[PDB]
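In the entry's author numbering, the protein residues as written are 1 to 330.
Here's the structure we're looking at; comments come further down.
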Amino acid sequence: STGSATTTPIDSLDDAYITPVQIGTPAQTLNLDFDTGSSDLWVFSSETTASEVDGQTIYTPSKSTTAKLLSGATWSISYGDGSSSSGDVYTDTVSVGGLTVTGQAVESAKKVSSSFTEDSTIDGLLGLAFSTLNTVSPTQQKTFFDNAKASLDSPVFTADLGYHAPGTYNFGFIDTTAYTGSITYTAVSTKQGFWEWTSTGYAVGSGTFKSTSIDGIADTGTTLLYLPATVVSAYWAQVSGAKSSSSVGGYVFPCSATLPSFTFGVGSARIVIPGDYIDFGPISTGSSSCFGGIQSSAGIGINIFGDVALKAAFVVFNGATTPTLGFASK
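Here is the structure:
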C-alpha cells in the first residue's frame, strides 16, 4: 500500500504545516501537524477542557463506530518549545492520503497548553519519530508509520515541504518526479528516538564550505534551523545590522536586508537554503526588526534541522531495519 497527502502552511510565514487526517467511522477529518520529532498522535477532542478549545476541529470518539477506549491508558507530553498536552487514549481507524491503519492509538486531549489553544489551525499532532518516544502509559503505543510499515510497498515516508506553498507527505514510495539529481543517504542514530544524523558542514552565501560534523535531528515539527552558536554567528555576521537580542529571544536583522543563503552538507552533497527562507518577518506588527530563521541551539541541547532546512530538500525517512535519511535538491 501507499498514501499521499498534501501538507499546507498554516500561515504566511510557514510557521507549521497541516495535513488532513481521517479518523474514525464515519471519517472525522482533522488537520494535524506531522512531527518527525515526536511520537504521539494526539487530537483536540470532545474531552478537551472547553475553555482550552478555540476554533479547532475536534474528534468525538462517541460518534465513531470503530473507536474503542484503550482502558487505563494515559499520555502526557512536553515539547521543546515549552508547550504540552495530556489525556486518555482510544484506538480507531486512521487514514492518511488513502493509507489506512486500523487499531491506531488516537490520544485524546483532556488538557492542552495555551499555545495549542491559541492556534486554531492545528487540530493535533501526528508523530513520526521512533515509537520508543511515545508517551502512552502503562503500555507504550506505536506511531502511525510503525503500524503502517509492514503493509507499505517500501518502509519509507517522504517529506516535501513547500516554501510559502503546499507540499506533500508520501508513505510507502519515493516519487522520483519530486526532486532533481540524486538522493544522498546518510546514517541515522535512533539512540535518542529521533531521526538523528550528522551533517558534514556548512557554507554561508557564496563562501567556502566548512567541513565539520554537526549532529542534529530532522524535525518537521520545528519551524526554524537551530545550529551551534559558532555556525549561527558566522551566518549572521554576513548580514549588516544583525544581532542577537536577549529581549526578543534570538537573532534579529534589519527588515531592509537581503539575506545570504545557507548551505548544509549531506555526505558529499549540498543542500542550499535560499536567503528568503531565513526571513521570519517583523518581530511585531509594523516593526523594522525582522526575526531570523537560523538560531542558536545552545541550551536546547540538540541541533535541529527544522522546516527552514527541510523545505529546501526532498527528504526520505527510510524506516528499514537499519534506518537512514535521504536528501535531494528539488
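For each residue, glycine too, the CB sits at the ideal point set by N, CA and C.
- Between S329 and the set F317, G319 and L310, the nearest pair of CA atoms involves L310.
- The beta carbon of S211 sits closer than 8 Å to those of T200, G201 and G265, all from its chain and outside the five residues before and after it, given in chain order.
- Inter-segment contact for the stretch 229-237 and the stretch 174-191 is absent: fewer than three beta-carbon pairs are separated by less than 8 Å.
- The way I'd put it, the stretch 184-195 doesn't touch the stretch 43-55; fewer than three beta-carbon pairs between them come closer than 8 Å.
- Between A73 and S131, the C-beta gap is not smaller than 8 Å, which leaves the two residues out of contact.
- Counted as a single uninterrupted DSSP element, the stretch harbouring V188 is not any beta strand (DSSP E), since DSSP gives it neither H nor E.
- Per DSSP, the continuous beta strand (DSSP E) segment holding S4 begins and ends at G3 to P9.
- Three or more beta-carbon pairs separated by less than 8 Å are not found between the stretch 77-95 and the stretch 153-167, which leaves the two stretches without contact.
- In this structure, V252 lies away from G293, with their beta-carbon atoms at least 8 Å apart.
- Around the beta carbon of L69, fewer than 16 other beta carbons sit within 10 angstroms, so the residue counts as exposed.
- Three or more beta-carbon pairs separated by less than 8 Å are not found between the stretch 142-149 and the stretch 115-122, which leaves the two stretches without contact.
- Counting only runs of at least 3 residues, the stretch 149-223 fully encloses the following beta strand (DSSP E) elements, listed from N- to C-terminal order: 156-160, 167-171, 184-187, 196-204 and 210-218.
- Per DSSP, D33 lies in no alpha helix (DSSP H) segment; the continuous beta strand (DSSP E) that holds it begins and ends at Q28 to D35.
- Taking the C-beta atoms as reference points, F305 is found nearer than 8 Å to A218.
- In terms of CA proximity to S268, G326 leads the group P61, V231 and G326.
- In the displayed model, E52 falls within a helix according to three-state DSSP.
- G241 sits in coil when the DSSP states are folded into three classes, being neither helix nor strand.
- Using a Cβ distance threshold of 8 Å, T7 and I23 do not count as a contacting pair.
- Rounded to whole angstroms, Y90 and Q140 show a C-alpha spacing of 13 Å.
- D153 counts as exposed, since fewer than 16 other C-beta atoms from the protein chains shown sit within 10 angstroms of its C-beta.
- In the DSSP assignment, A234 falls within the alpha helix (DSSP H) that extends over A229 to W236.
- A320 places its beta carbon less than 8 Å from that of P155.
- Counting along the chain, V112 sits inside no alpha helix (DSSP H); it lies in the beta strand (DSSP E) bounded by residues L99 to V112.
- Short of 8 Å from the beta carbon of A27, and not among the five residues preceding or following it, lie these beta carbons of its own chain, in chain order: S95.
- DSSP, reduced to helix, strand and coil, places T74 within a strand of the structure shown.
- If you look at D92, you'll find it isn't in any alpha helix (DSSP H); it sits in the beta strand (DSSP E) that goes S84 to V96.
- In terms of Cα proximity to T263, the closest of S246, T208, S245 and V316 is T208.
- One thing to note: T66 has its Cβ within 8 Å of the Cβ of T25.
- By the neighbour-count definition (other C-beta atoms within 10 Å, threshold 16), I300 is an exposed residue.
- The beta carbon of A203 is closer than 6 Å to those of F209 and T263 in its chain, skipping five residues each way along the sequence.
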